[PDB]
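K.L.:
Structure provided below as structure tokens; questions to follow.
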Amino acid sequence: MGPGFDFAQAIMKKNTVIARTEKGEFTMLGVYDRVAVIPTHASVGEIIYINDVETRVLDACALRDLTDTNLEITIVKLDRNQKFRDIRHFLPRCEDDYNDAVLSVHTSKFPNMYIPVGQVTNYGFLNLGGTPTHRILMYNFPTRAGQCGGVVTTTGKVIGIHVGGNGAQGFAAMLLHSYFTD
């Protein structure tokens, strides 16, 4: 409807796949080459389904900060025959607050879903499903089951992936450029 949705749509159309694990179906953001991200609570194993195709996981790393606190991001390298468009230049370098964000989801349950969530706070610490978690972004939208892995964007930036909610607020794990240096 506007330049926010334009950016979100551009990311969804080229940089997302449907990931299925034994814990559910997730929006999965491809970042570069065969590297993607998913919430750690997806419990990625040796095999994952990508757009309903059996795919070997070449590597999976559940990220933690240097205090050994959960970040709720898992970086996955996929045994896929095709690379993602490189979107690492759209990743923020530092922790920050944002205006006018969009949360975009693409699953069997929620195809082509875009939500204008508005103001995004650098919330920091969250007890997420009983797990202490850092670098949490917060938006005042009542997000629901099926939205985990959803991409949070502003015009020009891919800033996080949706990892939970409490019925009134939604929470995303930050994406930082420094996670994806090679």
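In the structure tokens, the first chain shown is A, the next is B, and so on; residue numbers restart at 1 for each chain, and ligands run from 1 in the order shown.
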Leaving out residue 71 (chain A) and any residue of its chain fewer than 3 positions from it, which residues lie within 6 Å of it when counting only C-alpha atoms, given as a list in words?
P.N.:
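So the residues in contact are residues 63, 64, 133 and 134 of chain A.
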K.L.:
With only C-alpha atoms as the basis for distance, which of A:48, A:17, A:12, A:31 is at the shortest distance from residue 90 (chain A)?
P.N.:
A:31
K.L.:
Show me, as a PDB file with N, CA, C and O atoms, in the first residue's frame, the residues that have an atom within 6 Å of residue 102 (chain A) when counting only C-alpha atoms, minus same-chain residues fewer than 5 positions from it.
P.N.:
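What ended up in result_30.pdb:
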```
ATOM      1  N   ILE A 115       1.820  -7.124   8.062  1.00  0.00           N
ATOM      2  CA  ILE A 115       1.223  -6.431   9.239  1.00  0.00           C
ATOM      3  C   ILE A 115       2.021  -5.177   9.533  1.00  0.00           C
ATOM      4  O   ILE A 115       3.193  -5.266   9.867  1.00  0.00           O
ATOM      5  N   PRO A 116       1.418  -3.969   9.460  1.00  0.00           N
ATOM      6  CA  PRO A 116       2.109  -2.759   9.866  1.00  0.00           C
ATOM      7  C   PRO A 116       2.093  -2.722  11.406  1.00  0.00           C
ATOM      8  O   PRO A 116       1.045  -2.533  11.988  1.00  0.00           O
ATOM      9  N   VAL A 117       3.235  -2.939  12.040  1.00  0.00           N
ATOM     10  CA  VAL A 117       3.276  -3.088  13.524  1.00  0.00           C
ATOM     11  C   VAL A 117       3.655  -1.773  14.157  1.00  0.00           C
ATOM     12  O   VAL A 117       3.559  -1.706  15.368  1.00  0.00           O
ATOM     13  N   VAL A 152      10.792  -8.878  10.124  1.00  0.00           N
ATOM     14  CA  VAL A 152      10.547  -7.468  10.525  1.00  0.00           C
ATOM     15  C   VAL A 152      11.450  -6.556   9.696  1.00  0.00           C
ATOM     16  O   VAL A 152      12.681  -6.697   9.748  1.00  0.00           O
ATOM     17  N   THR A 153      10.840  -5.630   8.967  1.00  0.00           N
ATOM     18  CA  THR A 153      11.560  -4.697   8.085  1.00  0.00           C
ATOM     19  C   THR A 153      11.105  -3.267   8.332  1.00  0.00           C
ATOM     20  O   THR A 153       9.965  -3.061   8.740  1.00  0.00           O
TER      21      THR A 153
END
```
K.L.:
Residues within 8 Å of residue 160 (chain A), please, as an mmCIF file with N, CA and C atoms, in the first residue's frame. Count only C-alpha atoms; anything in the same chain fewer than 5 positions from it doesn't count.
P.N.:
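Written output follows (result_34.cif):
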```
data_model
loop_
_atom_site.group_PDB
_atom_site.id
_atom_site.type_symbol
_atom_site.label_atom_id
_atom_site.label_comp_id
_atom_site.auth_asym_id
_atom_site.auth_seq_id
_atom_site.Cartn_x
_atom_site.Cartn_y
_atom_site.Cartn_z
ATOM 1 N N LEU A 137 13.515 -7.094 20.217
ATOM 2 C CA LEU A 137 12.753 -5.929 19.700
ATOM 3 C C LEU A 137 11.288 -6.156 20.084
ATOM 4 N N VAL A 151 9.410 -11.878 9.072
ATOM 5 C CA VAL A 151 10.512 -10.908 8.853
ATOM 6 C C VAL A 151 10.017 -9.534 9.281
ATOM 7 N N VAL A 152 10.792 -8.878 10.124
ATOM 8 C CA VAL A 152 10.547 -7.468 10.525
ATOM 9 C C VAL A 152 11.450 -6.556 9.696
ATOM 10 N N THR A 153 10.840 -5.630 8.967
ATOM 11 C CA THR A 153 11.560 -4.697 8.085
ATOM 12 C C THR A 153 11.105 -3.267 8.332
ATOM 13 N N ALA A 172 10.656 -9.774 18.531
ATOM 14 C CA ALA A 172 11.528 -10.263 17.455
ATOM 15 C C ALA A 172 12.964 -10.334 17.982
ATOM 16 N N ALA A 173 13.750 -11.289 17.492
ATOM 17 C CA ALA A 173 15.213 -11.342 17.736
ATOM 18 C C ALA A 173 15.906 -10.425 16.724
ATOM 19 N N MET A 174 16.837 -9.599 17.166
ATOM 20 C CA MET A 174 17.560 -8.677 16.262
ATOM 21 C C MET A 174 18.351 -9.454 15.237
ATOM 22 N N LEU A 175 18.445 -8.926 14.015
ATOM 23 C CA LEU A 175 19.468 -9.405 13.048
ATOM 24 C C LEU A 175 20.533 -8.300 12.956
#
```
K.L.:
What residues in region 13-159 of chain A get the DSSP label strand (DSSP E or B)? Please answer as a JSON list (two decimals) with N, CA, C and O atoms, in the first residue's frame.
P.N.:
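Final output, states23.json:
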```
[["chain", "number", "residue", "atom", "x", "y", "z"],
["A", 16, "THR", "N", 12.69, -15.56, 0.99],
["A", 16, "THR", "CA", 12.01, -16.40, 2.03],
["A", 16, "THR", "C", 11.66, -17.74, 1.44],
["A", 16, "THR", "O", 11.49, -17.87, 0.19],
["A", 17, "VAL", "N", 11.68, -18.74, 2.32],
["A", 17, "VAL", "CA", 11.23, -20.11, 2.01],
["A", 17, "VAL", "C", 10.32, -20.53, 3.16],
["A", 17, "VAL", "O", 10.41, -19.94, 4.25],
["A", 18, "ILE", "N", 9.53, -21.56, 2.93],
["A", 18, "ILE", "CA", 8.75, -22.19, 4.02],
["A", 18, "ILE", "C", 9.62, -23.32, 4.60],
["A", 18, "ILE", "O", 9.91, -24.27, 3.86],
["A", 19, "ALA", "N", 10.02, -23.20, 5.87],
["A", 19, "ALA", "CA", 10.78, -24.24, 6.60],
["A", 19, "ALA", "C", 9.82, -25.04, 7.48],
["A", 19, "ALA", "O", 8.97, -24.45, 8.17],
["A", 20, "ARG", "N", 9.92, -26.37, 7.42],
["A", 20, "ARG", "CA", 9.17, -27.27, 8.33],
["A", 20, "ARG", "C", 10.16, -28.12, 9.13],
["A", 20, "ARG", "O", 11.05, -28.74, 8.51],
["A", 21, "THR", "N", 10.00, -28.12, 10.45],
["A", 21, "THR", "CA", 10.72, -29.02, 11.38],
["A", 21, "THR", "C", 9.65, -29.87, 12.09],
["A", 21, "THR", "O", 8.49, -29.71, 11.75],
["A", 24, "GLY", "N", 6.97, -27.53, 13.73],
["A", 24, "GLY", "CA", 6.02, -26.72, 12.95],
["A", 24, "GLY", "C", 6.55, -26.19, 11.62],
["A", 24, "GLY", "O", 7.71, -26.51, 11.22],
["A", 25, "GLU", "N", 5.72, -25.34, 10.99],
["A", 25, "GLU", "CA", 6.03, -24.59, 9.76],
["A", 25, "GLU", "C", 6.45, -23.17, 10.13],
["A", 25, "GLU", "O", 5.74, -22.54, 10.93],
["A", 26, "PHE", "N", 7.55, -22.66, 9.58],
["A", 26, "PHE", "CA", 8.11, -21.33, 9.91],
["A", 26, "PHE", "C", 8.43, -20.58, 8.62],
["A", 26, "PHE", "O", 8.87, -21.18, 7.65],
["A", 27, "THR", "N", 8.20, -19.27, 8.62],
["A", 27, "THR", "CA", 8.83, -18.35, 7.67],
["A", 27, "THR", "C", 10.34, -18.43, 7.95],
["A", 27, "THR", "O", 10.74, -18.31, 9.10],
["A", 28, "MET", "N", 11.14, -18.57, 6.90],
["A", 28, "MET", "CA", 12.61, -18.66, 7.03],
["A", 28, "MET", "C", 13.23, -17.63, 6.08],
["A", 28, "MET", "O", 12.90, -17.64, 4.89],
["A", 29, "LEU", "N", 14.04, -16.73, 6.61],
["A", 29, "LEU", "CA", 14.70, -15.64, 5.85],
["A", 29, "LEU", "C", 16.03, -16.18, 5.32],
["A", 29, "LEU", "O", 16.83, -16.61, 6.12],
["A", 30, "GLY", "N", 16.22, -16.21, 3.99],
["A", 30, "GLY", "CA", 17.53, -16.46, 3.37],
["A", 30, "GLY", "C", 18.35, -15.18, 3.37],
["A", 30, "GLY", "O", 17.80, -14.15, 2.96],
["A", 31, "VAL", "N", 19.64, -15.23, 3.74],
["A", 31, "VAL", "CA", 20.43, -13.99, 3.93],
["A", 31, "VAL", "C", 21.46, -13.86, 2.80],
["A", 31, "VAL", "O", 21.64, -12.74, 2.26],
["A", 32, "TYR", "N", 22.16, -14.95, 2.47],
["A", 32, "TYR", "CA", 23.16, -14.98, 1.36],
["A", 32, "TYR", "C", 23.54, -16.42, 1.12],
["A", 32, "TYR", "O", 23.32, -17.27, 2.01],
["A", 33, "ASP", "N", 24.07, -16.71, -0.07],
["A", 33, "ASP", "CA", 24.56, -18.06, -0.46],
["A", 33, "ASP", "C", 23.46, -19.06, -0.05],
["A", 33, "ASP", "O", 22.31, -18.87, -0.50],
["A", 35, "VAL", "N", 22.72, -19.73, 3.22],
["A", 35, "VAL", "CA", 22.61, -19.43, 4.68],
["A", 35, "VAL", "C", 21.26, -18.75, 4.91],
["A", 35, "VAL", "O", 20.99, -17.65, 4.32],
["A", 36, "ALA", "N", 20.51, -19.28, 5.87],
["A", 36, "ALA", "CA", 19.22, -18.71, 6.31],
["A", 36, "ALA", "C", 19.16, -18.65, 7.84],
["A", 36, "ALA", "O", 20.06, -19.23, 8.52],
["A", 37, "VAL", "N", 18.11, -18.03, 8.36],
["A", 37, "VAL", "CA", 17.87, -17.92, 9.83],
["A", 37, "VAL", "C", 16.46, -18.43, 10.14],
["A", 37, "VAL", "O", 15.56, -18.41, 9.25],
["A", 38, "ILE", "N", 16.29, -18.92, 11.36],
["A", 38, "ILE", "CA", 14.99, -19.45, 11.88],
["A", 38, "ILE", "C", 15.03, -19.30, 13.39],
["A", 38, "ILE", "O", 16.10, -19.26, 14.00],
["A", 39, "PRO", "N", 13.88, -19.14, 14.09],
["A", 39, "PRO", "CA", 13.93, -19.14, 15.55],
["A", 39, "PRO", "C", 14.49, -20.46, 16.09],
["A", 39, "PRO", "O", 14.28, -21.55, 15.55],
["A", 47, "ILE", "N", 18.02, -32.86, 9.10],
["A", 47, "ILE", "CA", 17.12, -32.77, 7.91],
["A", 47, "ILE", "C", 16.01, -31.77, 8.23],
["A", 47, "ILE", "O", 15.49, -31.75, 9.35],
["A", 48, "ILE", "N", 15.69, -30.94, 7.24],
["A", 48, "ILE", "CA", 14.60, -29.94, 7.33],
["A", 48, "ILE", "C", 13.82, -30.01, 6.00],
["A", 48, "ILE", "O", 14.40, -30.45, 4.98],
["A", 49, "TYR", "N", 12.55, -29.59, 5.98],
["A", 49, "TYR", "CA", 11.77, -29.45, 4.72],
["A", 49, "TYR", "C", 11.76, -27.98, 4.33],
["A", 49, "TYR", "O", 11.56, -27.13, 5.17],
["A", 50, "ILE", "N", 12.13, -27.70, 3.08],
["A", 50, "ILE", "CA", 12.23, -26.34, 2.50],
["A", 50, "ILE", "C", 11.23, -26.36, 1.33],
["A", 50, "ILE", "O", 11.47, -27.12, 0.36],
["A", 53, "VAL", "N", 10.29, -29.84, 0.37],
["A", 53, "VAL", "CA", 11.34, -30.74, -0.16],
["A", 53, "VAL", "C", 12.34, -31.08, 0.96],
["A", 53, "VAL", "O", 12.83, -30.17, 1.63],
["A", 54, "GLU", "N", 12.66, -32.37, 1.06],
["A", 54, "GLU", "CA", 13.65, -32.90, 2.03],
["A", 54, "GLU", "C", 15.01, -32.29, 1.74],
["A", 54, "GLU", "O", 15.48, -32.43, 0.59],
["A", 55, "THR", "N", 15.61, -31.64, 2.72],
["A", 55, "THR", "CA", 16.88, -30.88, 2.54],
["A", 55, "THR", "C", 17.84, -31.19, 3.71],
["A", 55, "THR", "O", 17.45, -31.06, 4.89],
["A", 56, "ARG", "N", 19.07, -31.58, 3.38],
["A", 56, "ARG", "CA", 20.12, -31.84, 4.39],
["A", 56, "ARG", "C", 20.56, -30.51, 4.97],
["A", 56, "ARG", "O", 20.71, -29.56, 4.17],
["A", 57, "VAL", "N", 20.73, -30.44, 6.28],
["A", 57, "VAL", "CA", 21.29, -29.25, 6.97],
["A", 57, "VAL", "C", 22.81, -29.44, 7.03],
["A", 57, "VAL", "O", 23.26, -30.42, 7.63],
["A", 58, "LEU", "N", 23.58, -28.55, 6.41],
["A", 58, "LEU", "CA", 25.06, -28.73, 6.39],
["A", 58, "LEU", "C", 25.64, -28.19, 7.69],
["A", 58, "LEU", "O", 26.71, -28.65, 8.06],
["A", 59, "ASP", "N", 24.96, -27.26, 8.35],
["A", 59, "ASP", "CA", 25.42, -26.66, 9.61],
["A", 59, "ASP", "C", 24.26, -25.90, 10.24],
["A", 59, "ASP", "O", 23.44, -25.29, 9.50],
["A", 60, "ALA", "N", 24.20, -25.90, 11.56],
["A", 60, "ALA", "CA", 23.18, -25.17, 12.31],
["A", 60, "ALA", "C", 23.84, -24.66, 13.58],
["A", 60, "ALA", "O", 24.51, -25.45, 14.25],
["A", 61, "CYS", "N", 23.75, -23.37, 13.83],
["A", 61, "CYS", "CA", 24.39, -22.75, 15.02],
["A", 61, "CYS", "C", 23.36, -21.88, 15.74],
["A", 61, "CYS", "O", 22.84, -20.86, 15.13],
["A", 62, "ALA", "N", 23.00, -22.29, 16.96],
["A", 62, "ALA", "CA", 22.09, -21.51, 17.84],
["A", 62, "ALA", "C", 22.91, -20.40, 18.48],
["A", 62, "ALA", "O", 23.83, -20.71, 19.30],
["A", 63, "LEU", "N", 22.63, -19.17, 18.15],
["A", 63, "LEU", "CA", 23.49, -18.03, 18.57],
["A", 63, "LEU", "C", 23.21, -17.70, 20.04],
["A", 63, "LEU", "O", 22.07, -17.75, 20.45],
["A", 64, "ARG", "N", 24.26, -17.31, 20.75],
["A", 64, "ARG", "CA", 24.21, -16.82, 22.14],
["A", 64, "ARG", "C", 25.11, -15.59, 22.22],
["A", 64, "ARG", "O", 26.09, -15.55, 21.47],
["A", 70, "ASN", "N", 20.92, -16.86, 25.50],
["A", 70, "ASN", "CA", 20.15, -17.14, 24.26],
["A", 70, "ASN", "C", 19.90, -15.84, 23.47],
["A", 70, "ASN", "O", 19.42, -14.84, 24.04],
["A", 71, "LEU", "N", 20.06, -15.88, 22.14],
["A", 71, "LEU", "CA", 19.56, -14.80, 21.24],
["A", 71, "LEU", "C", 18.33, -15.26, 20.43],
["A", 71, "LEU", "O", 17.72, -14.40, 19.79],
["A", 72, "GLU", "N", 18.02, -16.56, 20.41],
["A", 72, "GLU", "CA", 16.82, -17.18, 19.78],
["A", 72, "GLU", "C", 16.97, -17.17, 18.26],
["A", 72, "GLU", "O", 15.97, -17.47, 17.60],
["A", 73, "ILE", "N", 18.17, -16.89, 17.73],
["A", 73, "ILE", "CA", 18.45, -17.02, 16.26],
["A", 73, "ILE", "C", 19.23, -18.31, 16.06],
["A", 73, "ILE", "O", 20.30, -18.46, 16.71],
["A", 74, "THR", "N", 18.80, -19.16, 15.12],
["A", 74, "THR", "CA", 19.63, -20.26, 14.60],
["A", 74, "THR", "C", 20.00, -19.95, 13.14],
["A", 74, "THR", "O", 19.10, -19.69, 12.34],
["A", 75, "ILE", "N", 21.29, -19.98, 12.85],
["A", 75, "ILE", "CA", 21.82, -19.80, 11.47],
["A", 75, "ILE", "C", 21.93, -21.18, 10.89],
["A", 75, "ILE", "O", 22.65, -22.04, 11.49],
["A", 76, "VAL", "N", 21.32, -21.37, 9.73],
["A", 76, "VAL", "CA", 21.29, -22.69, 9.07],
["A", 76, "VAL", "C", 21.97, -22.55, 7.72],
["A", 76, "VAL", "O", 21.67, -21.57, 7.01],
["A", 77, "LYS", "N", 22.87, -23.47, 7.41],
["A", 77, "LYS", "CA", 23.35, -23.64, 6.03],
["A", 77, "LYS", "C", 22.64, -24.84, 5.42],
["A", 77, "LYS", "O", 22.74, -25.96, 6.01],
["A", 78, "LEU", "N", 22.00, -24.63, 4.27],
["A", 78, "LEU", "CA", 21.11, -25.62, 3.61],
["A", 78, "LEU", "C", 21.85, -26.26, 2.42],
["A", 78, "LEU", "O", 22.52, -25.51, 1.66],
["A", 84, "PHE", "N", 20.52, -17.70, -2.31],
["A", 84, "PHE", "CA", 19.67, -16.53, -2.04],
["A", 84, "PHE", "C", 20.38, -15.30, -2.61],
["A", 84, "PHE", "O", 21.64, -15.18, -2.51],
["A", 98, "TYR", "N", 13.29, 1.64, 16.07],
["A", 98, "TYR", "CA", 12.85, 1.88, 14.67],
["A", 98, "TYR", "C", 11.44, 2.47, 14.65],
["A", 98, "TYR", "O", 10.62, 2.15, 15.50],
["A", 99, "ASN", "N", 11.16, 3.26, 13.62],
["A", 99, "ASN", "CA", 9.77, 3.66, 13.32],
["A", 99, "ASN", "C", 9.18, 2.79, 12.20],
["A", 99, "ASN", "O", 9.92, 2.37, 11.27],
["A", 100, "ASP", "N", 7.87, 2.59, 12.25],
["A", 100, "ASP", "CA", 7.05, 2.25, 11.07],
["A", 100, "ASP", "C", 7.57, 0.93, 10.47],
["A", 100, "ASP", "O", 7.97, 0.89, 9.29],
["A", 101, "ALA", "N", 7.54, -0.13, 11.26],
["A", 101, "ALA", "CA", 7.98, -1.47, 10.82],
["A", 101, "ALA", "C", 6.80, -2.28, 10.28],
["A", 101, "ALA", "O", 5.61, -2.01, 10.61],
["A", 102, "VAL", "N", 7.14, -3.27, 9.45],
["A", 102, "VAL", "CA", 6.21, -4.26, 8.87],
["A", 102, "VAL", "C", 6.71, -5.63, 9.28],
["A", 102, "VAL", "O", 7.97, -5.85, 9.23],
["A", 103, "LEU", "N", 5.79, -6.48, 9.73],
["A", 103, "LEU", "CA", 6.05, -7.93, 9.98],
["A", 103, "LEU", "C", 5.41, -8.69, 8.84],
["A", 103, "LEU", "O", 4.16, -8.55, 8.66],
["A", 104, "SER", "N", 6.20, -9.45, 8.07],
["A", 104, "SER", "CA", 5.71, -10.23, 6.91],
["A", 104, "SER", "C", 5.91, -11.74, 7.12],
["A", 104, "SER", "O", 7.01, -12.16, 7.56],
["A", 105, "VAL", "N", 4.86, -12.51, 6.83],
["A", 105, "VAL", "CA", 4.79, -13.98, 7.07],
["A", 105, "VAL", "C", 4.40, -14.67, 5.79],
["A", 105, "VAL", "O", 3.53, -14.18, 5.04],
["A", 113, "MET", "N", 1.08, -12.55, 3.95],
["A", 113, "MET", "CA", 0.59, -11.78, 5.11],
["A", 113, "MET", "C", 1.58, -10.66, 5.44],
["A", 113, "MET", "O", 2.78, -10.94, 5.61],
["A", 114, "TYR", "N", 1.09, -9.43, 5.52],
["A", 114, "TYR", "CA", 1.87, -8.23, 5.88],
["A", 114, "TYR", "C", 1.12, -7.48, 6.99],
["A", 114, "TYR", "O", -0.05, -7.15, 6.82],
["A", 115, "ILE", "N", 1.82, -7.12, 8.06],
["A", 115, "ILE", "CA", 1.22, -6.43, 9.24],
["A", 115, "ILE", "C", 2.02, -5.18, 9.53],
["A", 115, "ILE", "O", 3.19, -5.27, 9.87],
["A", 116, "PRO", "N", 1.42, -3.97, 9.46],
["A", 116, "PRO", "CA", 2.11, -2.76, 9.87],
["A", 116, "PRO", "C", 2.09, -2.72, 11.41],
["A", 116, "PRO", "O", 1.04, -2.53, 11.99],
["A", 117, "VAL", "N", 3.23, -2.94, 12.04],
["A", 117, "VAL", "CA", 3.28, -3.09, 13.52],
["A", 117, "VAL", "C", 3.65, -1.77, 14.16],
["A", 117, "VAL", "O", 3.56, -1.71, 15.37],
["A", 118, "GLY", "N", 4.08, -0.79, 13.38],
["A", 118, "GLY", "CA", 4.41, 0.55, 13.90],
["A", 118, "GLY", "C", 5.74, 0.61, 14.60],
["A", 118, "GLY", "O", 6.71, 0.02, 14.08],
["A", 119, "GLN", "N", 5.81, 1.35, 15.71],
["A", 119, "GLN", "CA", 7.05, 1.65, 16.48],
["A", 119, "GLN", "C", 7.67, 0.37, 17.06],
["A", 119, "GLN", "O", 6.96, -0.42, 17.72],
["A", 120, "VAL", "N", 8.98, 0.21, 16.88],
["A", 120, "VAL", "CA", 9.74, -0.97, 17.40],
["A", 120, "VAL", "C", 10.72, -0.47, 18.48],
["A", 120, "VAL", "O", 11.61, 0.37, 18.15],
["A", 121, "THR", "N", 10.59, -0.96, 19.71],
["A", 121, "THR", "CA", 11.48, -0.64, 20.85],
["A", 121, "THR", "C", 12.64, -1.65, 20.94],
["A", 121, "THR", "O", 12.40, -2.87, 20.81],
["A", 122, "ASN", "N", 13.86, -1.16, 21.18],
["A", 122, "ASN", "CA", 14.97, -2.00, 21.72],
["A", 122, "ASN", "C", 14.61, -2.37, 23.15],
["A", 122, "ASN", "O", 14.89, -1.60, 24.07],
["A", 123, "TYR", "N", 13.98, -3.52, 23.33],
["A", 123, "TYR", "CA", 13.43, -3.98, 24.63],
["A", 123, "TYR", "C", 14.56, -4.58, 25.47],
["A", 123, "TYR", "O", 14.57, -4.39, 26.70],
["A", 124, "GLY", "N", 15.47, -5.30, 24.82],
["A", 124, "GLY", "CA", 16.63, -5.98, 25.44],
["A", 124, "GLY", "C", 16.28, -7.34, 26.01],
["A", 124, "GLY", "O", 16.12, -8.33, 25.23],
["A", 125, "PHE", "N", 16.18, -7.42, 27.35],
["A", 125, "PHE", "CA", 15.96, -8.71, 28.05],
["A", 125, "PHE", "C", 14.48, -9.10, 27.98],
["A", 125, "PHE", "O", 13.61, -8.25, 28.22],
["A", 126, "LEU", "N", 14.22, -10.38, 27.72],
["A", 126, "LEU", "CA", 12.89, -11.01, 27.78],
["A", 126, "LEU", "C", 13.06, -12.43, 28.30],
["A", 126, "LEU", "O", 13.91, -13.16, 27.79],
["A", 127, "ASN", "N", 12.24, -12.80, 29.28],
["A", 127, "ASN", "CA", 12.05, -14.23, 29.65],
["A", 127, "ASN", "C", 11.09, -14.85, 28.63],
["A", 127, "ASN", "O", 9.87, -14.63, 28.76],
["A", 128, "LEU", "N", 11.62, -15.51, 27.61],
["A", 128, "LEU", "CA", 10.87, -16.00, 26.44],
["A", 128, "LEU", "C", 10.57, -17.49, 26.60],
["A", 128, "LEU", "O", 11.49, -18.29, 26.47],
["A", 131, "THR", "N", 12.92, -18.92, 28.98],
["A", 131, "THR", "CA", 14.36, -18.87, 28.62],
["A", 131, "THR", "C", 14.82, -17.42, 28.60],
["A", 131, "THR", "O", 14.31, -16.64, 27.81],
["A", 132, "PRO", "N", 15.77, -16.99, 29.47],
["A", 132, "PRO", "CA", 16.32, -15.64, 29.41],
["A", 132, "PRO", "C", 16.88, -15.39, 27.99],
["A", 132, "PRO", "O", 17.55, -16.24, 27.45],
["A", 133, "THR", "N", 16.48, -14.29, 27.38],
["A", 133, "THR", "CA", 16.84, -13.98, 25.97],
["A", 133, "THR", "C", 17.26, -12.52, 25.89],
["A", 133, "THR", "O", 16.61, -11.69, 26.50],
["A", 134, "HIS", "N", 18.27, -12.20, 25.09],
["A", 134, "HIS", "CA", 18.73, -10.81, 24.89],
["A", 134, "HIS", "C", 18.45, -10.32, 23.46],
["A", 134, "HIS", "O", 18.06, -11.12, 22.56],
["A", 135, "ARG", "N", 18.68, -9.02, 23.25],
["A", 135, "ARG", "CA", 18.53, -8.32, 21.94],
["A", 135, "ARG", "C", 17.12, -8.52, 21.37],
["A", 135, "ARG", "O", 16.99, -8.73, 20.13],
["A", 136, "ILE", "N", 16.10, -8.39, 22.21],
["A", 136, "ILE", "CA", 14.68, -8.51, 21.80],
["A", 136, "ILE", "C", 14.18, -7.13, 21.37],
["A", 136, "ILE", "O", 14.51, -6.14, 22.01],
["A", 137, "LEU", "N", 13.52, -7.09, 20.22],
["A", 137, "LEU", "CA", 12.75, -5.93, 19.70],
["A", 137, "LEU", "C", 11.29, -6.16, 20.08],
["A", 137, "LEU", "O", 10.83, -7.31, 20.08],
["A", 138, "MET", "N", 10.55, -5.10, 20.41],
["A", 138, "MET", "CA", 9.13, -5.23, 20.82],
["A", 138, "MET", "C", 8.25, -4.26, 20.02],
["A", 138, "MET", "O", 8.70, -3.12, 19.77],
["A", 139, "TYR", "N", 7.09, -4.74, 19.60],
["A", 139, "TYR", "CA", 6.08, -3.93, 18.87],
["A", 139, "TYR", "C", 4.73, -4.22, 19.50],
["A", 139, "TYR", "O", 4.53, -5.33, 19.97],
["A", 151, "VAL", "N", 9.41, -11.88, 9.07],
["A", 151, "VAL", "CA", 10.51, -10.91, 8.85],
["A", 151, "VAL", "C", 10.02, -9.53, 9.28],
["A", 151, "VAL", "O", 8.93, -9.11, 8.81],
["A", 152, "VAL", "N", 10.79, -8.88, 10.12],
["A", 152, "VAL", "CA", 10.55, -7.47, 10.52],
["A", 152, "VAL", "C", 11.45, -6.56, 9.70],
["A", 152, "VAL", "O", 12.68, -6.70, 9.75],
["A", 153, "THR", "N", 10.84, -5.63, 8.97],
["A", 153, "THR", "CA", 11.56, -4.70, 8.09],
["A", 153, "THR", "C", 11.10, -3.27, 8.33],
["A", 153, "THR", "O", 9.97, -3.06, 8.74],
["A", 154, "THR", "N", 11.98, -2.33, 8.04],
["A", 154, "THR", "CA", 11.60, -0.94, 7.72],
["A", 154, "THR", "C", 12.02, -0.68, 6.28],
["A", 154, "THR", "O", 12.78, -1.52, 5.70],
["A", 157, "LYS", "N", 15.73, -1.51, 5.63],
["A", 157, "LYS", "CA", 16.40, -2.41, 6.60],
["A", 157, "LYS", "C", 15.60, -3.68, 6.94],
["A", 157, "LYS", "O", 14.38, -3.63, 7.10],
["A", 158, "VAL", "N", 16.31, -4.79, 7.04],
["A", 158, "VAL", "CA", 15.79, -6.07, 7.59],
["A", 158, "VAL", "C", 16.33, -6.15, 9.02],
["A", 158, "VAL", "O", 17.57, -6.33, 9.18],
["A", 159, "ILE", "N", 15.46, -6.01, 10.03],
["A", 159, "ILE", "CA", 15.94, -5.71, 11.42],
["A", 159, "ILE", "C", 15.74, -6.91, 12.37],
["A", 159, "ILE", "O", 16.32, -6.86, 13.43]]
```
K.L.:
Report, in Å with one decimal, the straight-line distance from CA of residue 180 (chain A) to CA of residue 40 (chain A).
P.N.:
16.4 Å
K.L.:
If you run DSSP on the backbone here, which positions in chain A get alpha helix (DSSP H)? Please write them as JSON, numbers by chain.
P.N.:
{"A": [3, 4, 5, 6, 7, 8, 9, 10, 11, 12, 13, 14, 15]}
K.L.:
Taking only C-alpha atoms into account, which of A:67, A:143, A:43, A:15 comes nearest residue 82 (chain A)?
P.N.:
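Looking only at the distances to residue 82 (chain A), the closest residue turns out to be A:15.
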K.L.:
Identify which of the residues A:150, A:92, A:165, A:3 lies closest to residue 106 (chain A), counting only C-alpha atoms when measuring atom-to-atom distances.
P.N.:
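Counting only C-alpha atoms, the residue closest to residue 106 (chain A) is A:150.
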K.L.:
With distances taken over only C-alpha atoms, which of A:144, A:93, A:80, A:88 is nearest to residue 110 (chain A)?
P.N.:
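So, comparing all the options, the nearest one is A:144.
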